[PDB]
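Structure below is work-v1.cif: mmCIF, N, CA and C atoms and all ligand atoms.
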data_model
loop_
_atom_site.group_PDB
_atom_site.id
_atom_site.type_symbol
_atom_site.label_atom_id
_atom_site.label_comp_id
_atom_site.auth_asym_id
_atom_site.auth_seq_id
_atom_site.Cartn_x
_atom_site.Cartn_y
_atom_site.Cartn_z
ATOM 1 N N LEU P 2 -4.767 -9.775 3.891
ATOM 2 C CA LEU P 2 -4.146 -10.681 4.839
ATOM 3 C C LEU P 2 -4.187 -12.133 4.355
ATOM 4 N N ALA P 3 -5.388 -12.602 4.023
ATOM 5 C CA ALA P 3 -5.557 -13.941 3.505
ATOM 6 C C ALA P 3 -4.623 -14.234 2.317
ATOM 7 N N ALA P 4 -4.641 -13.329 1.343
ATOM 8 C CA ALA P 4 -3.754 -13.460 0.180
ATOM 9 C C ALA P 4 -2.306 -13.525 0.567
ATOM 10 N N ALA P 5 -1.902 -12.703 1.527
ATOM 11 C CA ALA P 5 -0.525 -12.689 1.973
ATOM 12 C C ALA P 5 -0.010 -14.072 2.408
ATOM 13 N N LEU P 6 -0.889 -14.798 3.107
ATOM 14 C CA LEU P 6 -0.650 -16.211 3.440
ATOM 15 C C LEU P 6 -0.712 -17.111 2.215
ATOM 16 N N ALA P 7 -1.779 -16.948 1.449
ATOM 17 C CA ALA P 7 -2.141 -17.863 0.402
ATOM 18 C C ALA P 7 -1.099 -17.993 -0.700
ATOM 19 N N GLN P 8 -0.216 -16.999 -0.764
ATOM 20 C CA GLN P 8 0.860 -17.025 -1.766
ATOM 21 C C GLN P 8 1.679 -18.312 -1.576
ATOM 22 N N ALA P 9 1.723 -18.820 -0.344
ATOM 23 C CA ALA P 9 2.408 -20.062 -0.021
ATOM 24 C C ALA P 9 1.991 -21.212 -0.933
ATOM 25 N N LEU P 10 0.731 -21.150 -1.374
ATOM 26 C CA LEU P 10 0.116 -22.184 -2.213
ATOM 27 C C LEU P 10 -0.145 -21.677 -3.624
HETATM 28 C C1 LIG P 101 -4.083 -9.599 2.653
HETATM 29 O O1 LIG P 101 -3.385 -10.493 2.232
HETATM 30 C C2 LIG P 101 -4.874 -8.775 1.630
HETATM 31 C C3 LIG P 101 -4.218 -8.511 0.441
HETATM 32 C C4 LIG P 101 -4.885 -7.769 -0.527
HETATM 33 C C5 LIG P 101 -6.148 -7.355 -0.259
HETATM 34 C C6 LIG P 101 -6.830 -6.584 -1.363
HETATM 35 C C7 LIG P 101 -8.115 -6.154 -1.203
HETATM 36 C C8 LIG P 101 -8.694 -5.459 -2.255
HETATM 37 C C9 LIG P 101 -7.978 -5.286 -3.415
HETATM 38 C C10 LIG P 101 -8.666 -4.538 -4.573
HETATM 39 O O2 LIG P 101 -8.198 -4.407 -5.647
HETATM 40 O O3 LIG P 101 -9.938 -4.046 -4.224
HETATM 41 C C11 LIG P 101 -10.675 -3.384 -5.276
HETATM 42 C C12 LIG P 101 -11.940 -2.806 -4.600
HETATM 43 C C13 LIG P 101 -6.697 -5.766 -3.525
HETATM 44 N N1 LIG P 101 -6.180 -6.399 -2.500
HETATM 45 N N2 LIG P 101 -6.774 -7.628 0.895
HETATM 46 C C14 LIG P 101 -6.168 -8.330 1.854
HETATM 47 N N1 LIG P 102 0.630 -20.531 -3.952
HETATM 48 N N2 LIG P 102 0.319 -19.958 -5.171
HETATM 49 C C1 LIG P 102 0.912 -20.455 -6.398
HETATM 50 O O1 LIG P 102 1.671 -21.377 -6.396
HETATM 51 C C2 LIG P 102 0.516 -19.673 -7.638
HETATM 52 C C3 LIG P 102 1.491 -19.390 -8.581
HETATM 53 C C4 LIG P 102 1.110 -18.659 -9.685
HETATM 54 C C5 LIG P 102 -0.215 -18.258 -9.799
HETATM 55 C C6 LIG P 102 -0.568 -17.432 -11.003
HETATM 56 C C7 LIG P 102 -1.802 -16.853 -11.055
HETATM 57 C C8 LIG P 102 -2.105 -16.077 -12.153
HETATM 58 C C9 LIG P 102 -1.160 -15.891 -13.142
HETATM 59 C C10 LIG P 102 -1.575 -14.991 -14.295
HETATM 60 N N3 LIG P 102 -0.600 -14.642 -15.307
HETATM 61 O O2 LIG P 102 -2.685 -14.574 -14.314
HETATM 62 C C11 LIG P 102 0.070 -16.501 -13.039
HETATM 63 N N4 LIG P 102 0.314 -17.261 -11.979
HETATM 64 N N5 LIG P 102 -1.121 -18.504 -8.854
HETATM 65 C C12 LIG P 102 -0.777 -19.199 -7.786
HETATM 66 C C1 LIG P 103 -2.459 -6.720 7.416
HETATM 67 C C2 LIG P 103 -1.498 -7.866 7.479
HETATM 68 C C3 LIG P 103 -1.032 -8.267 8.726
HETATM 69 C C4 LIG P 103 -0.145 -9.325 8.857
HETATM 70 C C5 LIG P 103 0.281 -9.983 7.709
HETATM 71 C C6 LIG P 103 -0.185 -9.584 6.459
HETATM 72 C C7 LIG P 103 -1.068 -8.531 6.318
HETATM 73 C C8 LIG P 103 -1.536 -8.136 4.948
HETATM 74 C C1 LIG P 104 -6.942 -14.380 -3.839
HETATM 75 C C2 LIG P 104 -6.386 -15.769 -3.848
HETATM 76 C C3 LIG P 104 -7.212 -16.876 -4.043
HETATM 77 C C4 LIG P 104 -6.699 -18.167 -4.053
HETATM 78 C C5 LIG P 104 -5.343 -18.372 -3.861
HETATM 79 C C6 LIG P 104 -4.516 -17.275 -3.664
HETATM 80 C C7 LIG P 104 -5.017 -15.971 -3.653
HETATM 81 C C8 LIG P 104 -4.105 -14.799 -3.443
HETATM 82 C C1 LIG P 105 1.015 -8.863 -5.389
HETATM 83 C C2 LIG P 105 0.582 -10.114 -4.678
HETATM 84 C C3 LIG P 105 1.253 -10.533 -3.530
HETATM 85 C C4 LIG P 105 0.870 -11.689 -2.855
HETATM 86 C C5 LIG P 105 -0.199 -12.442 -3.329
HETATM 87 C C6 LIG P 105 -0.872 -12.032 -4.475
HETATM 88 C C7 LIG P 105 -0.498 -10.878 -5.160
HETATM 89 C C8 LIG P 105 -1.240 -10.458 -6.397
#
Have the structure of the file written as C-alpha cells, please.
Ligand SMILES: *C(=O)c1ccc(-c2ccc(C(=O)OCC)cn2)nc1
Ligand SMILES: *NNC(=O)c1ccc(-c2ccc(C(N)=O)cn2)nc1
Ligand SMILES: Cc1ccccc1C
Ligand SMILES: Cc1ccccc1C
Ligand SMILES: Cc1ccccc1C
Amino acid sequence: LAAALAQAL
C-alpha cells in the first residue's frame, strides 16, 4: 500500500 502511493515521488 505504502509503495503504491510512494511511486508518486
Ligand atoms: C503497497 O503498496 C505494497 C506494495 C508491495 C508490498 C510488498 C511487500 C512485500 C514484497 C516482497 O517481495 O516480500 C518478500 C518477503 C513486495 N511487495 N507491500 C505493500
Ligand atoms: N517517486 N519515485 C521516483 O520518482 C523514482 C523513480 C525511479 C526510481 C528508480 C529506482 C530504482 C531504479 C533501479 N534501476 O534500480 C530505477 N529507478 N525510484 C524512484
Ligand atoms: C491494498 C491497497 C489498497 C488500496 C491501494 C493500494 C493498495 C496496494
Ligand atoms: C519502497 C519505497 C521506498 C521509498 C520510496 C518508494 C518506495 C516504493
Ligand atoms: C512494481 C512497482 C510498482 C509501484 C511501486 C514500486 C514498484 C516496484
What does the distance from atom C7 of ligand LIG 102 (chain P) to atom N of residue 4 of chain P come to in Å, to one decimal? 13.2 Å
When the PyMOL selection byres (((not hetatm)) within 8 of (chain P and resi 102)) is applied to the structure above, which residues does it catch, written out as a PyMOL selection string? chain P and resi 6-10
Check which residues satisfy the PyMOL selection byres (((not hetatm)) within 5 of (chain P and resi 101)) in the file shown, then give them as a short mmCIF file (atom, residue, chain, number, x, y, z; two decimals) with N, CA and C atoms, in the frame of the given file.
data_model
loop_
_atom_site.label_atom_id
_atom_site.label_comp_id
_atom_site.auth_asym_id
_atom_site.auth_seq_id
_atom_site.Cartn_x
_atom_site.Cartn_y
_atom_site.Cartn_z
N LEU P 2 -4.77 -9.78 3.89
CA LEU P 2 -4.15 -10.68 4.84
C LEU P 2 -4.19 -12.13 4.36
N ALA P 3 -5.39 -12.60 4.02
CA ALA P 3 -5.56 -13.94 3.50
C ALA P 3 -4.62 -14.23 2.32
N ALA P 4 -4.64 -13.33 1.34
CA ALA P 4 -3.75 -13.46 0.18
C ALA P 4 -2.31 -13.52 0.57
N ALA P 5 -1.90 -12.70 1.53
CA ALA P 5 -0.52 -12.69 1.97
C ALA P 5 -0.01 -14.07 2.41
#
Box time for ligand LIG 104 (chain P): axis-aligned, enclosing all its listed atoms, 3 Å extra on each side; report centre and edge lengths in Å to one decimal, as AutoDock Vina command-line options.
--center_x -5.7 --center_y -16.4 --center_z -3.7 --size_x 9.1 --size_y 10.0 --size_z 6.6
DSSP on the backbone: what in chain P comes out helix (DSSP H, G or I), as an mmCIF file with N, CA and C atoms, in the frame of the given file?
data_model
loop_
_atom_site.group_PDB
_atom_site.id
_atom_site.type_symbol
_atom_site.label_atom_id
_atom_site.label_comp_id
_atom_site.auth_asym_id
_atom_site.auth_seq_id
_atom_site.Cartn_x
_atom_site.Cartn_y
_atom_site.Cartn_z
ATOM 1 N N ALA P 3 -5.388 -12.602 4.023
ATOM 2 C CA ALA P 3 -5.557 -13.941 3.505
ATOM 3 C C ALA P 3 -4.623 -14.234 2.317
ATOM 4 N N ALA P 4 -4.641 -13.329 1.343
ATOM 5 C CA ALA P 4 -3.754 -13.460 0.180
ATOM 6 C C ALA P 4 -2.306 -13.525 0.567
ATOM 7 N N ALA P 5 -1.902 -12.703 1.527
ATOM 8 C CA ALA P 5 -0.525 -12.689 1.973
ATOM 9 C C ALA P 5 -0.010 -14.072 2.408
ATOM 10 N N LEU P 6 -0.889 -14.798 3.107
ATOM 11 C CA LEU P 6 -0.650 -16.211 3.440
ATOM 12 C C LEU P 6 -0.712 -17.111 2.215
ATOM 13 N N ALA P 7 -1.779 -16.948 1.449
ATOM 14 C CA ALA P 7 -2.141 -17.863 0.402
ATOM 15 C C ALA P 7 -1.099 -17.993 -0.700
#
Any chance you could model N, CA, C and O atoms for chain P and send them as a compact mmCIF listing (two decimals), keeping the file's coordinate frame?
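Saved to out_28.txt:
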# COMPACT_ATOMS: atom_id res chain seq x y z
N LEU P 2 -4.77 -9.78 3.89
CA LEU P 2 -4.15 -10.68 4.84
C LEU P 2 -4.19 -12.13 4.36
O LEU P 2 -3.16 -12.83 4.31
N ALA P 3 -5.39 -12.60 4.02
CA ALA P 3 -5.56 -13.94 3.50
C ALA P 3 -4.62 -14.23 2.32
O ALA P 3 -3.93 -15.25 2.24
N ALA P 4 -4.64 -13.33 1.34
CA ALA P 4 -3.75 -13.46 0.18
C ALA P 4 -2.31 -13.52 0.57
O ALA P 4 -1.56 -14.32 -0.01
N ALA P 5 -1.90 -12.70 1.53
CA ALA P 5 -0.52 -12.69 1.97
C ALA P 5 -0.01 -14.07 2.41
O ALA P 5 1.14 -14.47 2.17
N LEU P 6 -0.89 -14.80 3.11
CA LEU P 6 -0.65 -16.21 3.44
C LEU P 6 -0.71 -17.11 2.22
O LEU P 6 0.16 -17.94 1.99
N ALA P 7 -1.78 -16.95 1.45
CA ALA P 7 -2.14 -17.86 0.40
C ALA P 7 -1.10 -17.99 -0.70
O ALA P 7 -1.06 -18.97 -1.45
N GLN P 8 -0.22 -17.00 -0.76
CA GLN P 8 0.86 -17.02 -1.77
C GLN P 8 1.68 -18.31 -1.58
O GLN P 8 2.25 -18.84 -2.53
N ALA P 9 1.72 -18.82 -0.34
CA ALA P 9 2.41 -20.06 -0.02
C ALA P 9 1.99 -21.21 -0.93
O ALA P 9 2.74 -22.14 -1.18
N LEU P 10 0.73 -21.15 -1.37
CA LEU P 10 0.12 -22.18 -2.21
C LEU P 10 -0.14 -21.68 -3.62
O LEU P 10 -0.87 -22.28 -4.43
